[PDB]
2 protein chains.
Amino acid sequence: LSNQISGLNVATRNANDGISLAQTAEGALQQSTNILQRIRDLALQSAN
Amino acid sequence: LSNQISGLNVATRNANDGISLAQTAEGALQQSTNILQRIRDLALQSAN
């Protein structure tokens with residue numbers, strides 16, 4: 001049981017690192033979405 | 001929805017630009033038809 005609980009603690013910690021990495025990726029993806037919106041705006045302006 | 005909103009705003013801006021262009025062309029057409037009016041006056045007084 002001690003081995004199991006230690007494994008679960010280290011696994012929850014690794015999962016915390018994973019969710020932080022995923023949130024960083026999600027923020028970068030949000031920034032790419034904003035860039036794509038700006039691109040569509042400037043492209044429809046490029047119709048001119 | 002955000003992309004659609006942005007596209008509609010830039011489309012309305014292009015629409016105002018086109019309305020202004022057509023209004024300038026309309027003013028030029030009014031001037032030309034006034035000149036043609038004066039031309040007919042000069043031609044009929046040229047009956048002499």
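The rules behind each value
Residues numbered from 1 in each chain as written, not as in the entry; some residues may be left out. Chains lettered and ligands numbered in written order. Part of a larger assembly, values for the part shown. Heavy atoms only, no water. Helix = DSSP H or I, 4+ residues; strand = E, 2+ residues; numbered from the N terminus. Buried < 20%, exposed > 50% of the residue type's maximum accessible area, 1.4 Å probe, protein only. Areas by Shrake-Rupley, 256 points an atom, 1.4 Å probe, with all protein chains shown as cover. Expected span 1.5 Å × (residues − 1). Contact = heavy atoms within 4.5 Å. Patch = residues over 30% accessible without salt bridge, like charges linked within 9 Å, V, L, I, M, F, W, Y side chains within 5 Å. Salt bridge = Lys/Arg side-chain N within 4 Å of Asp/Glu carboxyl O.

Method of determination, as annotated in the archive: cryo-EM, at 4.2 Å resolution.

Undergrad: Before we move on, can you summarise the overall build of chain A with the specific residues and values?
TA: Scanning chain A for helices and strands turns up one helix and zero strands. Across the 48 residues in chain A, those meeting the buried criterion constitute 2%. By element, 60% of the accessible surface of chain A is carried by carbon and sulfur atoms, the whole surface being about 4,100 Å².

Undergrad: Which residues make up helix α1 (residues 2-45) of chain B, and what are the values?
TA: An ideal rise of 1.5 Å per residue puts 64 Å on 44 residues; α1(B) measures up with 64 Å between its terminal C-alpha atoms. Buried residues in α1(B) make contact with α1 (2-45) of chain A.

Undergrad: So what about unusual backbone geometry? Which residues, and what values?
TA: All names here are of chain A. A positive phi angle, close to 45°, is found at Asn 48, a residue other than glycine. Mapped onto the elements of the fold, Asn 48 is located in the segment after α1. The exposure class assigned to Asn 48 is exposed, which follows from its relative accessible area of 71%.

Undergrad: Explain a nonpolar patch on the surface to me, and be specific about the residues and the numbers.
TA: Side chains of B:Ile35, B:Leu36, B:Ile39 and B:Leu42 sit close together on the surface and give an oily, nonpolar patch of about 390 Å² of accessible area. Positionally, B:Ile35 belongs in helix α1.

Undergrad: Give a description of the pattern of salt bridges that names residues and reports values.
TA: Residue and element names in this part refer to chain B. Scanning the entire structure with this criterion turns up one salt bridge over all chains. Measuring nitrogen to oxygen at the nearest pair gives 4.0 Å for the salt bridge that ties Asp 41 to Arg 38. With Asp 41 and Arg 38 both in helix α1 and three residues apart, this pair spans about one turn of that helix.

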